[PDB]
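Engineer: This is the structure, below, for whatever I ask next.
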2 protein chains.
Amino acid sequence: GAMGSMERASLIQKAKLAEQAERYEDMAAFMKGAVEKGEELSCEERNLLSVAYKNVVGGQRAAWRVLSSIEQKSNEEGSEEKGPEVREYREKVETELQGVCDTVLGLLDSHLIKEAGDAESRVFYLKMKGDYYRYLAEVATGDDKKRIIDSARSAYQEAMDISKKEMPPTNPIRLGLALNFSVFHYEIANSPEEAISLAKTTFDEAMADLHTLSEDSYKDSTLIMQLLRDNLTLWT
Amino acid sequence: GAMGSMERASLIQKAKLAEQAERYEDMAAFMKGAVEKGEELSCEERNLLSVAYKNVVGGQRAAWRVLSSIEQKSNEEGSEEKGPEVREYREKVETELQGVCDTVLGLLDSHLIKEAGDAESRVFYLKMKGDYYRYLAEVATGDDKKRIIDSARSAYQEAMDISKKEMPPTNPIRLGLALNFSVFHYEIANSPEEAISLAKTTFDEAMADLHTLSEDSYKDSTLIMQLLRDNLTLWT
Ligand SMILES: O=C(COc1ccccc1P(=O)(O)O)NCc1ccccc1
Ligand SMILES: O=C(COc1ccccc1P(=O)(O)O)NCc1ccccc1
Ligand SMILES: [Mg+2]
Ligand SMILES: [Mg+2]
Ligand SMILES: [Mg+2]
Ligand SMILES: [Mg+2]
Ligand SMILES: [Mg+2]
Ligand SMILES: [Mg+2]
């Protein structure tokens with residue numbers, strides 16, 4: 001552990017500085033170090049962890065998509081062969097992406113999830129587990145892919161079950177979970193009808209609970225409701 | 001050398017793929033490997049080297065500026081102390097930036113510059129040498145800073161002398177060199193009058209040579225002339 005000699009609070013402070021500097025690889029390493037101190041994470045600290053790795057893996061996913069599309073064009077009728085380079089480099093990026101996902105999943109399994117007893121922390125971590133298996137699924141091929149997809153589905157489902165019992169329908173954690181599980185259904189599981197039904201039921205049940213919220217909470221919830229509606233517009 | 005086992009042509013191909021994927025750290029490592037094969041670089045290959053390291057160091061400069069400004073606020077009248085973290089992290093980024101600059105300068109010195117006999121390659125490499133000493137100067141403090149500034153000035157000046165003898169006034173390499181040397185004068189050397197005079201003389205002498213150019217070359221030259229005029233507007 002390269003961050004083993006740095007104070008937990010210093011790691012959190014530096015993660016925040018790295019976010020400001022848009023240094024997301026540094027931010028992720030600092031938050032990994034904070035997690036490995038072994039104490040539970042606060043709401044703010046959980047969000048820092050999520051922001052850091054979402055940005056890192058997002059860059060890798062974008063690059064992998066560019067490279068995979070070049071690779072697929074290179075393996076089409078009428079292409080003159082270029083040799084192994086495109087495949088090799090896509091494999092390099094893919095391997096780096098898988099390693100980031102494995103790192104996050106390792107943090108959740110050792111030992112964030114098992115110590116998370118409150119609904120807000122447990123749903124948050126289980127949503128993350130679903131997300132990073134979903135990113136693994138995006139680059140997986142074969143039976144391989146089926147066990148990874150089922151791991152994503154299981155994590156999302158446990159998170160959904162808890163959120164429906166323990167959180168109101170406008171809770172932003174609950175809404176963001178349903179948003180991402182709906183994307184899983186549409187993009188990974190080949191279940192567009194399940195995706196649309198989940199996004200619609202989630203939107204409608206939040207709409208009916210908005211009257212209970214303050215102005216600030218209303219803004220938080222309607223923001224994510226708009227993302228659900230954007231997807232339904234794209235999907236229907 | 002981690003790229004010692006990869007073919008030169010494969011390194012160039014992968015640099016181009018990395019550019020497409022906006023993976024500039026990879027692009028720079030691939031081009032470093034290509035340079036270390038020991039053969040001279042073509043015009044296209046020189047541009048790939050420059051693009052890669054400009055993007056890498058640009059990210060570091062942007063982050064260093066964010067962190068240094070936070071550090072300066074933290075050391076002002078009325079700030080409550082936060083401890084060593086801001087300084088430590090700015091120093092980390094600074095050290096990483098200096099290492100990238102040192103790497104580029106090492107490639108130029110071993111042995112790109114000494115083998116560059118044509119005006120287009122020699123001016124290109126000497127401009128690069130001025131640029132990466134200028135980036136070192138931006139974070140340097142003290143006497144330290146004076147020797148680094150003089151190294152930047154010397155490189156830019158040798159490049160200017162060659163470009164004035166060997167290239168027409170609209171040559172994009174010559175124009176980009178004059179642009180960057182003018183920025184050196186304004187931002188590093190505390191010589192705004194020298195900056196303005198150089199940018200104005202460079203613009204006016206290119207304007208008078210535009211009639212000699214094709215439509216495509218006219219577009220290339222006027223693009224950089226606009227950058228010179230943008231700076232003069234900012235500076236006067
Ligand atoms: O189509 C997508 C999906 O985005 C969404 C949308 C809604 C919820 C979650 C995600 P997700 O957790 O990010 O998938 N693209 C995102 C992307 C892809 C490549 C690089 C960077 C970002
Ligand atoms: O003020 C500048 C100077 O830009 C110019 C302008 C004209 C010529 C060269 C440069 P330069 O070789 O890039 O300095 N900002 C650039 C920057 C700073 C931080 C991060 C990324 C980019
Ligand atoms: Mg301690
Ligand atoms: Mg693979
Ligand atoms: Mg249902
Ligand atoms: Mg060979
Ligand atoms: Mg220093
Ligand atoms: Mg003069």
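Letters for chains follow the order of the structure tokens (A, B, ...), residue numbers begin at 1 for each chain, and ligand numbers begin at 1 in the order shown.
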Residues of chain B within 10 Å of chain A, counting only C-alpha atoms - could you list those as a short mmCIF file (atom, residue, chain, number, x, y, z; two decimals) with N, CA, C and O atoms, in the first residue's frame?

Structural biologist:
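Now in part-v8.cif:
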```cif
data_model
loop_
_atom_site.label_atom_id
_atom_site.label_comp_id
_atom_site.auth_asym_id
_atom_site.auth_seq_id
_atom_site.Cartn_x
_atom_site.Cartn_y
_atom_site.Cartn_z
N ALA B 9 7.61 0.70 -36.49
CA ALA B 9 6.38 1.03 -37.21
C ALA B 9 5.15 0.77 -36.34
O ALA B 9 4.15 1.48 -36.46
N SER B 10 5.20 -0.29 -35.53
CA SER B 10 4.09 -0.61 -34.63
C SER B 10 3.90 0.48 -33.58
O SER B 10 2.76 0.83 -33.25
N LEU B 11 5.02 1.01 -33.06
CA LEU B 11 4.95 2.13 -32.11
C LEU B 11 4.30 3.35 -32.74
O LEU B 11 3.46 4.01 -32.11
N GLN B 13 2.22 3.34 -35.34
CA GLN B 13 0.81 3.03 -35.54
C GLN B 13 0.01 3.18 -34.24
O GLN B 13 -1.10 3.73 -34.24
N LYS B 14 0.55 2.65 -33.15
CA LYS B 14 -0.14 2.73 -31.87
C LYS B 14 -0.20 4.16 -31.33
O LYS B 14 -1.20 4.54 -30.70
N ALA B 15 0.83 4.98 -31.57
CA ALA B 15 0.72 6.39 -31.21
C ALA B 15 -0.48 7.04 -31.89
O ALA B 15 -1.22 7.82 -31.28
N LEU B 17 -3.22 5.55 -32.96
CA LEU B 17 -4.43 5.01 -32.32
C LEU B 17 -4.69 5.68 -30.97
O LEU B 17 -5.82 6.03 -30.65
N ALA B 18 -3.64 5.88 -30.18
CA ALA B 18 -3.78 6.53 -28.88
C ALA B 18 -4.27 7.96 -29.03
O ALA B 18 -5.08 8.44 -28.23
N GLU B 19 -3.76 8.68 -30.04
CA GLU B 19 -4.29 10.01 -30.30
C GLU B 19 -5.80 9.97 -30.56
O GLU B 19 -6.56 10.80 -30.02
N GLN B 20 -6.25 9.02 -31.36
CA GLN B 20 -7.67 8.88 -31.68
C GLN B 20 -8.51 8.61 -30.43
O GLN B 20 -9.66 9.07 -30.33
N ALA B 21 -7.95 7.83 -29.50
CA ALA B 21 -8.59 7.50 -28.24
C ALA B 21 -8.35 8.54 -27.17
O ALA B 21 -8.84 8.37 -26.05
N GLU B 22 -7.64 9.62 -27.49
CA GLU B 22 -7.30 10.67 -26.52
C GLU B 22 -6.56 10.10 -25.31
O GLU B 22 -6.74 10.55 -24.18
N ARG B 23 -5.69 9.13 -25.56
CA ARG B 23 -4.84 8.52 -24.55
C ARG B 23 -3.44 9.08 -24.71
O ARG B 23 -2.54 8.43 -25.23
N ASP B 26 -0.22 7.33 -23.11
CA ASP B 26 0.18 6.21 -23.96
C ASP B 26 0.85 6.71 -25.23
O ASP B 26 1.88 6.17 -25.67
N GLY B 59 -1.94 19.01 -19.36
CA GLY B 59 -2.73 18.58 -18.22
C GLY B 59 -2.02 18.84 -16.89
O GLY B 59 -2.65 19.26 -15.92
N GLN B 60 -0.71 18.60 -16.85
CA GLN B 60 0.03 18.81 -15.61
C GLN B 60 0.10 20.30 -15.28
O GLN B 60 -0.10 20.70 -14.12
N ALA B 62 -2.04 22.62 -16.11
CA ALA B 62 -3.34 23.09 -15.66
C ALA B 62 -3.57 22.70 -14.20
O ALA B 62 -4.02 23.52 -13.39
N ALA B 63 -3.23 21.45 -13.84
CA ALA B 63 -3.38 20.99 -12.46
C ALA B 63 -2.47 21.76 -11.50
O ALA B 63 -2.89 22.15 -10.40
N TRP B 64 -1.21 21.95 -11.88
CA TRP B 64 -0.29 22.73 -11.05
C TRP B 64 -0.82 24.14 -10.81
O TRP B 64 -0.67 24.69 -9.71
N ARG B 65 -1.42 24.76 -11.83
CA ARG B 65 -1.95 26.11 -11.62
C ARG B 65 -3.10 26.11 -10.63
O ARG B 65 -3.18 27.00 -9.77
N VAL B 66 -4.01 25.15 -10.75
CA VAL B 66 -5.09 25.04 -9.77
C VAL B 66 -4.53 24.90 -8.37
O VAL B 66 -4.95 25.60 -7.44
N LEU B 67 -3.58 23.97 -8.19
CA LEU B 67 -3.05 23.69 -6.85
C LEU B 67 -2.25 24.88 -6.31
O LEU B 67 -2.34 25.21 -5.12
N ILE B 70 -4.60 27.52 -4.97
CA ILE B 70 -5.13 27.14 -3.67
C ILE B 70 -4.07 27.35 -2.60
O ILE B 70 -4.35 27.85 -1.50
N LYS B 82 -4.27 24.79 7.20
CA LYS B 82 -4.74 23.48 6.79
C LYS B 82 -3.66 22.41 6.86
O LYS B 82 -3.96 21.23 6.63
N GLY B 83 -2.43 22.79 7.19
CA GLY B 83 -1.35 21.84 7.27
C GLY B 83 -0.65 21.68 5.95
O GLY B 83 -0.86 22.45 5.01
N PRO B 84 0.19 20.64 5.83
CA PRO B 84 1.13 20.57 4.72
C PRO B 84 0.55 19.99 3.45
O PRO B 84 1.26 19.96 2.43
N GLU B 85 -0.71 19.57 3.46
CA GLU B 85 -1.24 18.74 2.37
C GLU B 85 -1.22 19.48 1.03
O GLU B 85 -0.83 18.90 0.01
N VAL B 86 -1.68 20.73 0.99
CA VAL B 86 -1.74 21.46 -0.27
C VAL B 86 -0.35 21.58 -0.88
O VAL B 86 -0.15 21.36 -2.08
N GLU B 88 2.28 19.68 -0.23
CA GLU B 88 2.79 18.36 -0.59
C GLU B 88 2.26 17.92 -1.94
O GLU B 88 3.03 17.42 -2.78
N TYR B 89 0.96 18.12 -2.18
CA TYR B 89 0.35 17.62 -3.40
C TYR B 89 0.76 18.48 -4.59
O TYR B 89 1.02 17.94 -5.68
N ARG B 90 0.86 19.80 -4.41
CA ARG B 90 1.40 20.65 -5.47
C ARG B 90 2.83 20.24 -5.81
O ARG B 90 3.20 20.18 -6.99
N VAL B 93 2.68 16.97 -8.04
CA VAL B 93 2.36 17.30 -9.43
C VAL B 93 3.53 18.03 -10.09
O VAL B 93 3.91 17.73 -11.22
#
```

Engineer: So that I can see what lies close to residue 3 in chain B, please list as a list in words the residues with an atom at most 9 Å from it, counting only C-alpha atoms and leaving out residues fewer than 6 positions away in the same chain.

Structural biologist: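 Surrounding residues, per the criterion: residues 11, 29, 30, 32, 33, 34 and 36 of chain B.
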
Engineer: Would you name the residues within 10 Å of ligand 2, counting only C-alpha atoms and all ligand atoms, and put them as number ranges by chain?

Structural biologist: B: 54-66, 128, 130-132, 134-135, 138, 176-184, 187, 224, 227-228, 230-231

Engineer: How close does chain B get to ligand 6? List, as a Markdown table, each residue of chain B within 8 Å, its nearest atom pair and the distance in Å to one decimal, counting only C-alpha atoms and all ligand atoms.

Structural biologist:
```
| residue | atom | partner | partner_atom_place_in_ligand_line | distance |
| --- | --- | --- | --- | --- |
| B:6 | CA | ligand 6 | 1 (Mg) | 7.8 |
| B:7 | CA | ligand 6 | 1 (Mg) | 4.9 |
| B:8 | CA | ligand 6 | 1 (Mg) | 6.1 |
| B:9 | CA | ligand 6 | 1 (Mg) | 7.9 |
```

Engineer: Step by step, measure atom-to-atom distances between ligand 8 and each residue using only C-alpha atoms and all ligand atoms, keep those at most 9 Å, then write them as JSON, numbers by chain.

Structural biologist: {"B": [194, 197, 198, 201]}

Engineer: Do you know which residues are within 7 Å of ligand 7 using only C-alpha atoms and all ligand atoms? Can you write them as a count of residues only?

Structural biologist: 3

Engineer: May I ask which of the residues A:141, A:5, A:110, A:222 is the closest one to ligand 4, counting only C-alpha atoms and all ligand atoms?

Structural biologist: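 Closest to ligand 4, using only C-alpha atoms and all ligand atoms: A:141.
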
Engineer: Find the distance between CA of residue 133 in chain B and CA of residue 189 in chain B and write it in Å to one decimal.

Structural biologist: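 Taking CA of residue 133 in chain B as the start and CA of residue 189 in chain B as the end point, the length is 12.4 Å.
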
Engineer: Using only C-alpha atoms and all ligand atoms for the distances, tell me which of A:147, A:114, A:127, A:200 is nearest to ligand 5.

Structural biologist: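 Of all the options, A:200 lies closest to ligand 5.
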
Engineer: Give me every helix (DSSP H, G or I) residue in range 2-170 of chain B, going by DSSP on the backbone, as a VMD selection string.

Structural biologist: chain B and resid 8 to 20 24 to 35 43 to 74 85 to 112 119 to 139 143 to 166

Engineer: Could you please take those selected residues and save C-alpha atoms as a short mmCIF file (atom, residue, chain, number, x, y, z; two decimals), in the first residue's frame?

Structural biologist:
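And here is the file that came out, again-v2.cif:
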```
data_model
loop_
_atom_site.label_atom_id
_atom_site.label_comp_id
_atom_site.auth_asym_id
_atom_site.auth_seq_id
_atom_site.Cartn_x
_atom_site.Cartn_y
_atom_site.Cartn_z
CA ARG B 8 9.26 1.08 -34.73
CA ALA B 9 6.38 1.03 -37.21
CA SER B 10 4.09 -0.61 -34.63
CA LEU B 11 4.95 2.13 -32.11
CA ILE B 12 4.05 4.82 -34.65
CA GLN B 13 0.81 3.03 -35.54
CA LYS B 14 -0.14 2.73 -31.87
CA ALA B 15 0.72 6.39 -31.21
CA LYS B 16 -1.82 7.31 -33.89
CA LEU B 17 -4.43 5.01 -32.32
CA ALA B 18 -3.78 6.53 -28.88
CA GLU B 19 -4.29 10.01 -30.30
CA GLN B 20 -7.67 8.88 -31.68
CA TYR B 24 -2.00 11.00 -24.56
CA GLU B 25 0.18 9.40 -21.87
CA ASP B 26 0.18 6.21 -23.96
CA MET B 27 0.81 8.24 -27.11
CA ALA B 28 3.86 9.85 -25.50
CA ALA B 29 5.29 6.54 -24.30
CA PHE B 30 4.88 5.05 -27.78
CA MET B 31 6.61 8.03 -29.42
CA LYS B 32 9.41 7.97 -26.80
CA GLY B 33 9.92 4.32 -27.77
CA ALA B 34 9.98 5.26 -31.45
CA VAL B 35 12.58 7.96 -30.87
CA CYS B 43 7.67 15.43 -40.44
CA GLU B 44 4.56 13.47 -39.47
CA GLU B 45 6.39 11.60 -36.73
CA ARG B 46 7.81 14.84 -35.29
CA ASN B 47 4.29 16.22 -35.09
CA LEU B 48 3.09 13.08 -33.28
CA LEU B 49 5.85 13.47 -30.70
CA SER B 50 4.97 17.13 -30.15
CA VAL B 51 1.21 16.53 -29.91
CA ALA B 52 1.66 13.76 -27.35
CA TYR B 53 3.90 15.58 -24.91
CA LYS B 54 2.09 18.90 -25.35
CA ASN B 55 -1.13 17.26 -24.20
CA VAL B 56 0.52 15.43 -21.29
CA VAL B 57 2.37 18.47 -19.95
CA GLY B 58 -0.66 20.65 -20.62
CA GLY B 59 -2.73 18.58 -18.22
CA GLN B 60 0.03 18.81 -15.61
CA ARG B 61 0.40 22.59 -16.05
CA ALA B 62 -3.34 23.09 -15.66
CA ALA B 63 -3.38 20.99 -12.46
CA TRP B 64 -0.29 22.73 -11.05
CA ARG B 65 -1.95 26.11 -11.62
CA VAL B 66 -5.09 25.04 -9.77
CA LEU B 67 -3.05 23.69 -6.85
CA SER B 68 -0.65 26.65 -6.69
CA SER B 69 -3.54 29.09 -6.52
CA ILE B 70 -5.13 27.14 -3.67
CA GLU B 71 -1.73 27.14 -1.96
CA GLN B 72 -1.35 30.90 -2.33
CA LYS B 73 -4.82 31.56 -0.93
CA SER B 74 -3.99 29.29 2.01
CA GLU B 85 -1.24 18.74 2.37
CA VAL B 86 -1.74 21.46 -0.27
CA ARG B 87 2.00 22.08 -0.54
CA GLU B 88 2.79 18.36 -0.59
CA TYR B 89 0.35 17.62 -3.40
CA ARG B 90 1.40 20.65 -5.47
CA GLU B 91 4.97 19.42 -5.05
CA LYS B 92 3.94 15.94 -6.26
CA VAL B 93 2.36 17.30 -9.43
CA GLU B 94 5.27 19.73 -9.91
CA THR B 95 7.78 16.88 -9.65
CA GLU B 96 5.81 14.81 -12.17
CA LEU B 97 5.71 17.78 -14.55
CA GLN B 98 9.45 18.34 -14.22
CA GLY B 99 10.03 14.69 -14.99
CA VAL B 100 8.05 14.91 -18.24
CA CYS B 101 9.99 18.01 -19.26
CA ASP B 102 13.27 16.29 -18.41
CA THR B 103 12.26 13.28 -20.48
CA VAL B 104 11.53 15.41 -23.55
CA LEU B 105 14.73 17.41 -23.14
CA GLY B 106 16.61 14.13 -22.84
CA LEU B 107 15.18 12.88 -26.13
CA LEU B 108 16.17 16.12 -27.85
CA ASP B 109 19.70 15.93 -26.43
CA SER B 110 20.09 12.17 -27.08
CA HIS B 111 20.11 12.48 -29.98
CA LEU B 112 17.37 14.21 -31.99
CA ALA B 119 15.94 23.51 -41.32
CA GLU B 120 12.45 22.03 -40.79
CA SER B 121 13.66 19.40 -38.35
CA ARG B 122 16.28 21.48 -36.54
CA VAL B 123 14.00 24.49 -35.99
CA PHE B 124 11.22 22.13 -34.84
CA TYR B 125 13.43 20.43 -32.24
CA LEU B 126 15.01 23.65 -31.01
CA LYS B 127 11.56 25.20 -30.60
CA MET B 128 10.62 22.14 -28.51
CA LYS B 129 13.73 22.62 -26.39
CA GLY B 130 12.71 26.22 -25.73
CA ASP B 131 9.15 25.18 -24.92
CA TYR B 132 10.05 22.52 -22.32
CA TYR B 133 12.60 24.76 -20.60
CA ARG B 134 9.82 27.39 -20.54
CA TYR B 135 7.54 24.91 -18.80
CA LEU B 136 10.32 24.23 -16.28
CA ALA B 137 10.72 27.99 -15.82
CA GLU B 138 7.01 28.37 -14.99
CA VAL B 139 7.43 26.32 -11.79
CA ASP B 143 18.57 31.57 -9.37
CA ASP B 144 17.51 28.14 -10.41
CA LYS B 145 14.93 30.01 -12.47
CA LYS B 146 17.52 32.27 -14.13
CA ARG B 147 19.60 29.48 -15.64
CA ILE B 148 16.45 27.71 -16.84
CA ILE B 149 15.13 30.91 -18.45
CA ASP B 150 18.46 31.44 -20.20
CA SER B 151 18.35 27.88 -21.53
CA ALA B 152 14.88 28.51 -22.98
CA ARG B 153 16.03 31.83 -24.48
CA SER B 154 19.11 30.28 -26.07
CA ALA B 155 17.14 27.48 -27.73
CA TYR B 156 14.46 29.83 -29.06
CA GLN B 157 17.12 32.22 -30.35
CA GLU B 158 19.08 29.57 -32.24
CA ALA B 159 15.81 28.36 -33.75
CA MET B 160 14.89 31.91 -34.75
CA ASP B 161 18.26 32.54 -36.37
CA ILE B 162 17.92 29.41 -38.52
CA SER B 163 14.27 30.04 -39.41
CA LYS B 164 14.99 33.59 -40.58
CA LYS B 165 17.79 32.39 -42.86
CA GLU B 166 16.22 29.20 -44.17
#
```
